Number of protein chains: 2
Amino acid sequence: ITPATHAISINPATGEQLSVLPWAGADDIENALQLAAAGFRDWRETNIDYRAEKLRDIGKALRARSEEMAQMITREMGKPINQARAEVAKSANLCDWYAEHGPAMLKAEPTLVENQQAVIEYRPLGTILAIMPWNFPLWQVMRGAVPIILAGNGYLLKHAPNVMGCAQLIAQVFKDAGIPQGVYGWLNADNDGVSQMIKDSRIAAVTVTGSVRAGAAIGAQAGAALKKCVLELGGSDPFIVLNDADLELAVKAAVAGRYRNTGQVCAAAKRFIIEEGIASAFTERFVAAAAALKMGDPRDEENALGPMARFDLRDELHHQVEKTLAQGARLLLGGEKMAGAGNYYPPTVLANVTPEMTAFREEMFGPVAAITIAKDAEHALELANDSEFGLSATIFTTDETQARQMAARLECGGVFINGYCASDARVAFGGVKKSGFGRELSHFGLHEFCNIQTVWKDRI
Amino acid sequence: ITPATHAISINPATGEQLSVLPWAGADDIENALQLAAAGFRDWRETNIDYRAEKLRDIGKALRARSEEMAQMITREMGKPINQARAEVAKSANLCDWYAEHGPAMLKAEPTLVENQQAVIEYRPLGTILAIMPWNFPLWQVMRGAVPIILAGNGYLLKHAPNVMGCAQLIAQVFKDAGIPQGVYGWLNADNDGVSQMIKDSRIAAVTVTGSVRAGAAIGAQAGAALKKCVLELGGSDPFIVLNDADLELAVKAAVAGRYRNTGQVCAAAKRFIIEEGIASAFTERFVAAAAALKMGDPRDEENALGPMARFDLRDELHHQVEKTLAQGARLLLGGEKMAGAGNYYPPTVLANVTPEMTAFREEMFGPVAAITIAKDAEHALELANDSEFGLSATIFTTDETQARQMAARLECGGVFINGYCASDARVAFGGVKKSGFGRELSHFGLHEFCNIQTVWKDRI
Ligand SMILES: NC(=O)c1ccc[n+]([C@@H]2O[C@H](COP(=O)([O-])OP(=O)(O)OC[C@H]3O[C@@H](n4cnc5c(N)ncnc54)[C@H](O)[C@@H]3O)[C@@H](O)[C@H]2O)c1
Ligand SMILES: NC(=O)c1ccc[n+]([C@@H]2O[C@H](COP(=O)([O-])OP(=O)(O)OC[C@H]3O[C@@H](n4cnc5c(N)ncnc54)[C@H](O)[C@@H]3O)[C@@H](O)[C@H]2O)c1
């Protein structure tokens with residue numbers, strides 16, 4: 001057993017090894033690609049209304065294993081159990097939502113060509129290779145798999161190596177739903193196996209949810225293979241609070257946005273940018289509220305935070321904290337690794353964070369808030385856009401006109417005005433800059449992996 | 001002067017050197033990137049109706065230099081002068097079309113979120129680097145530049161090195177129209193210069209129209225730099241004729257589709273796939289019609305074909321003809337380089353072309369038709385899909401239902417039934433497989449380089 005030969009699951013609350021799974025071999029890869037190719041060949045011929053009904057079947061099979069799934073999520077990566085349950089319910093509802101609204105988004109599109117000669121058809125592309133992360137082991141898979149399969153594609157999952165118990169359980173749910181094994185499939189492939197599949201003609205495109213470094217490594221290969229990719233990568237979302245904000249609501253949303261899933265959220269509020277007049281009141285309220293978050297065993301529902309998922313990533317997070325403190329930030333809360341067998345890092349708040357500091361320029365993928373003072377709203381917008389990332393953003397202010405104007409100038413894919421940032425089937429998700437490109441959910445996730453095909457009759 | 005240090009224009013009809021231009025230097029690249037960034041910063045703030053009026057100004061300035069532009073196209077790459085005039089007219093009309101229909105396509109999109117709390121906004125992305133080919137030196141630039149700039153982006157053109165006279169004239173047209181500095185720009189960059197620009201933060205995304213080899217080279221770099229790209233690459237379009245086809249119309253469309261622009265068309269009919277019962281009658285009519293095409297001085301309007309654009313590519317095309325004849329195909333017309341100072345290659349027809357031959361597997365980017373016999377309609381579909389390419393396709397048959405079913409199974413981005421394949425502002429354009437990914441024209445070309453942004457108010 002070694003990370004060079006096996007995927008390994010470890011409980012981050014206890015440090016105990018849970019399972020191992022060897023990398024797929026040459027024959028496993030070939031068999032997966034044959035099954036995927038055969039599955040897509042038949043699935044692409046099915047009726048759209050039949051596929052919608054199969055989505056409802058997926059939702060039912062998932063709910064039927066909802067607690068088994070939630071406990072597996074919590075066990076493998078440390079998520080508080082009620083958050084894992086909420087992840088299951090949101091994933092199941094996504095099946096029903098696309099079942100109801102998806103088919104109409106795939107209807108032929110008329111054009112302005114005379115005599116109704118030309119229409120746009122949304123054709124399936126093929127089998128989509130999907131590379132997914134551990135922070136939402138179910139939702140991240142379902143977010144793409146549901147629309148991708150509804151559009152008549154196949155989906156081939158390469159999951160993160162620390163949640164292969166989750167991966168096998170998801171496959172069992174799709175099996176329970178009667179989804180053919182070619183249509184939803186999966187492989188415990190190492191990175192070289194991923195490389196081989198991208199080069200294989202039976203993979204039509206790639207979708208990646210992960211870090212910036214993974215997106216660049218995989219995106220380069222997809223381009224070299226002339227395969228389209230969607231990259232949903234890291235974020236360092238700004239959370240702007242102006243002097244006229246609803247301060248109580250802003251702090252509630254600020255705390256929820258930073259510390260949900262023990263801070264391990266792509267679109268988490270990570271860089272708090274507070275106008276000078278309200279900064280002292282915001283900072284004091286935010287520290288007190290963050291300090292009231294209980295942390296411990298994620299099977300105990302009194303805990304708002306669990307351990308972080310990966311011991312090496314807690315080390316990396318603490319290193320970023322220490323560098324930021326050494327650069328001149330002030331420690332207001334937390335900021336030390338909990339001793340013991342568990343991978344615990346307490347709610348942490350860093351103040352006097354300047355744009356030159358590590359916690360302002362890197363993704364802080366854990367329960368570490370950075371607080372930066374803005375001279376005014378113009379400064380707050382400049383601070384917000386001064387980032388390699390560009391996934392999402394929040395603005396708190398009672399001047400809705402100003403909020404709308406700032407939203408137009410924020411370099412990110414989502415802007416929440418006076419509310420709680422989240423993903424939702426009804427709206428687009430995805431960012432700009434090093435957060436990547438392409439859009440998921442709504443009709444965007446349905447169309448990203450369609451062959452958009454012009455059919456033009458009698459052009460004479 | 002050597003192609004190692006300079007871009008060189010040579011008149012293919014005469015062989016005379018027209019112009020030379022050294023590659024852009026480090027200062028030139030930096031200057032262009034600075035002005036692109038500043039131009040985009042101000043351009044993104046303008047009102048959509050102002051930008052629509054500026055598109056009309058581009059169309060006016062282009063029509064004012066229409067004969068000068070047409071003659072420059074013909075002089076640098078050999079296109080018959082009336083096709084160059086048509087290219088200018090189509091490009092000017094594209095400006096007016098997007099001016100009229102573009103703004104509504106950029107309006108905010110309602111969502112299913114209750115109480116109208118969330119909309120989808122189509123924001124500008126930044127400066128788009130555009131890598132373009134010589135076969136339509138004006139239209140390829142305008143096809144993307146017009147919607148890209150209408151959406152509030154900037155456009156930085158890296159044109160093919162044999163048409164830098166066209167590139168400079170295009171820039172003069174944008175100057176005549178009053179397009180602000182850095183909103184439209186261009187550089188005579190060598191391949192390393194392109195690599196540098198892709199890695200530069202002031203390039204937001206890349207669009208490529210060119211060969212499969214260029215798309216793989218550039219696409220890999222875009223992915224590694226986390227830049228979205230659109231790849232519009234080569235084609236080897238099938239042209240299927242079944243026994244019940246309107247034979248006279250099929251032959252007319254077959255000759256027009258193969259030999260327009262002296263065959264140098266991405267979506268040209270390149271692989272003719274004819275059902276056995278009608279193959280002899282098709283082949284004899286096609287040879288006779290192809291033989292009736294006049295070739296010569298492209299400034300003379302009686303000539304349907306000019307010389308090929310590049311002397312090295314004629315050598316390459318003839319090598320493809322020789323290899324295919326060596327593999328067992330039959331030469332029915334043409335098939336030898338014309339003697340003299342001009343780069344002329346006659347209309348050529350190769351028959352008994354089987355799937356294993358060079359003319360069936362590679363893009364024949366010149367006036368060479370390949371004819372393959374299909375046993376039946378299912379064999380024809382299989383033959384059509386047995387290709388690395390997948391740009392467009394044509395089916396001729398009076399059985400509309402069968403044509404619609406084949407269209408759904410053709411692995412390509414466009415299918416023309418009983419008609420002449422062409423690009424048009426009102427429909428999507430783009431392919432699958434090694435022909436690339438992404439879509440141009442209609443609302444697709446407008447949205448490819450937008451930041452699709454959710455704006456959600458009061459999500460509490
Ligand atoms: N934008 C989004 O939608 C979104 C959603 C969730 C998480 N994320 C991001 O995910 C990241 C954390 O999750 P992570 O730790 O699993 O990131 P990660 O990149 O290290 O791992 C992501 C996935 O990519 C695979 N992978 C990584 N490198 C690879 C390579 N060279 N070849 C093939 N496969 C490779 C991993 O095995 C894993 O399955 C954070 O940056 C977070 O912001 C983004
Ligand atoms: N799909 C489409 O919309 C479309 C339209 C027109 C032409 N084409 C294709 O264009 C091709 C012919 O034009 P071409 O001969 O100029 O193709 P080409 O690939 O040789 O050159 C295309 C462009 O890419 C640039 N380029 C090539 N390699 C590069 C590299 N490594 N780095 C940076 N830049 C590079 C060239 O300088 C040129 O500007 C044909 O294959 C044709 O089918 C496609």
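Protein chains get the first letters and strands the later ones, always in sequence-line order, with residue 1 at the start of each. Just follow the structure's listing: the first ligand is 1, and inside any ligand the first atom is 1.
- Seen from the ring of B/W139, B/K90 counts as a face-on cation partner, given the 6.0 Å and 45° thresholds.
- Among A/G193, A/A268, A/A189, A/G210, the residue whose heavy atom sits closest to atom 22 (C) of ligand 1 is A/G210.
- Closest to atom 13 (O) of ligand 2 among all protein heavy atoms lies B/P133 CB, 3.2 Å.
- Contacts with ligand 1 closer than 4.0 Å are made by no heavy atom of A/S195, backbone or side chain.
- Checked options B/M142, B/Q83, B/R143, B/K79; the residue passing with B/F136 is B/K79 (criterion: side chain to side chain contact (heavy atoms under 4.5 Å, CB included)).
- Within 6.0 Å of atom CD in B/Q168, more than 12 heavy atoms from other residues, nucleotides or ligands are found, so the atom counts as buried in its surroundings.
- Distances from atom 4 (C) of ligand 1 to the heavy atoms of A/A216, A/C266, A/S435 show the closest one on A/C266.
- Side chain to side chain, B/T358 and B/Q320 fail the donor-acceptor criterion of an N or O pair below 3.5 Å.
- The contact set between ligand 1 and A/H159, taken as ligand atoms under 4.0 Å from a residue heavy atom, comprises 39 (O).
- Counting only distance, with no hydrogens or angles, the side chain of B/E232 and the backbone of B/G436 share no donor-acceptor pair below 3.5 Å.
- Contact annotation for B/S211 and ligand 2: heavy atoms of both the backbone and the side chain come within less than 4.0 Å of the ligand.
- In this structure a side-chain-to-backbone donor-acceptor pair under 3.5 Å is present from B/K227 to B/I203.
- Checking side-chain atoms of B/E411 against main-chain N and O of B/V432 turns up no donor-acceptor pair under 3.5 Å.
- Distance alone, capped at 3.5 Å, places no donor-acceptor pair between the A/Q196 side chain and the A/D192 backbone.
- Contact atoms of ligand 2 toward B/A214: 19 (O), 27 (C), 28 (N) (distance under 4.0 Å to a heavy atom of the residue).
- Counting the atoms of ligand 2 from 1 in the order shown, those under 4.0 Å from a heavy atom of B/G234 are 41 (O), 43 (O).
- In this structure, B/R143 counts as a contact residue of ligand 2, since one of its heavy atoms falls inside 4.0 Å of the ligand.
- With a 6.0 Å radius and a threshold of 12 heavy atoms from other residues, nucleotides or ligands, B/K158 has its NZ atom above the threshold.
- Taking every heavy atom of A/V194 and a limit of under 4.0 angstrom, the matching atoms of ligand 1 come to 33 (C).
- Residue A/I218 places no N or O, backbone or side chain, under 3.5 Å from any N or O of ligand 1.
- Residue contacts with ligand 2 leave out B/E440, since none of its heavy atoms falls under 4.0 Å from the ligand.
- Those atoms of ligand 1 with a heavy atom of A/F365 less than 4.0 angstrom away are 12 (C), 40 (C), 42 (C), 43 (O).
- Panel note: side chain A/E388, backbone A/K433; no donor-acceptor pair is recorded below 3.5 Å.
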Could you check A/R310 against A/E316 for salt bridge (charged side-chain N to carboxylate O under 4.0 Å, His left out), going step by step and ending with a plain yes or no? CA-CA 10 Å; A/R310 296 234 318 252; A/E316 270 292 354; over 6 Å; no
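- The shortest distance between side-chain heavy atoms of A/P161 and A/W23 falls below 4.5 Å.
- Per-atom contact check: atom 10 (O) of ligand 2 touches the protein, criterion being a heavy-atom distance below 4.0 Å.
- Interface atoms of ligand 1 facing A/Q140, defined by a heavy-atom separation under 4.0 Å, are 5 (C), 6 (C).
- In this structure, B/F136 falls outside the shell of residues with a heavy atom less than 4.0 angstrom from ligand 2.
- Of the possible donor and acceptor atoms, one in the side chain of A/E363 sits under 3.5 Å from a partner among the backbone N and O of A/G235.
- Note that atom 34 (N) of ligand 1 has protein non-hydrogen atoms nearby, at separations under 4.0 angstrom.
- For ligand 2, the atoms sitting less than 4.0 Å from at least one non-hydrogen atom of B/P161 are 37 (O), numbered in the order shown with element in parentheses.
- In terms of polar-atom proximity, A/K158 is counted as a contact of ligand 1, with an N or O under 3.5 Å from an N or O of the ligand.
- Listed by atom number, the atoms of ligand 1 under 4.0 Å from A/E232 heavy atoms are 1 (N), 2 (C), 3 (O), 4 (C), 44 (C).
- Atom numbering of ligand 2 starts at 1 in the shown order; those under 4.0 Å from a heavy atom of B/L233 are 1 (N), 2 (C), 4 (C), 44 (C).
- Each of the atoms 2 (C), 3 (O) of ligand 1 lies under 4.0 Å from some heavy atom of A/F429.
- Annotation for ligand 2: atoms under 4.0 Å from non-hydrogen atoms of B/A217 are 31 (N).
- For the pair B/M364/B/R258, a side-chain contact is recorded, criterion being any heavy-atom separation below 4.5 Å from C-beta on.
- Selection from A/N191, A/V163, A/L441 by nearest heavy atom to atom 30 (C) of ligand 1 gives A/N191.
- Distances from atom 40 (C) of ligand 1 to the heavy atoms of A/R213, A/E363, A/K434, A/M132 show the closest one on A/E363.
- Interface atoms of ligand 2 facing B/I131, defined by a heavy-atom separation under 4.0 Å, are 23 (C), 24 (O), 25 (C), 39 (O).
- Across B/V141, B/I131, B/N188, a single residue satisfies side chain to side chain contact (heavy atoms under 4.5 Å, CB included) together with B/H159, and that is B/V141.
- Protein heavy atom nearest atom 15 (O) of ligand 1, with residue, atom name and distance: A/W134 NE1, 2.9 Å.
- By the criterion of a heavy-atom distance under 4.0 Å, the side chain of A/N135, and not its backbone, is placed next to ligand 1.
- Counting only distance, with no hydrogens or angles, the side chain of B/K270 and the backbone of B/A370 share no donor-acceptor pair below 3.5 Å.
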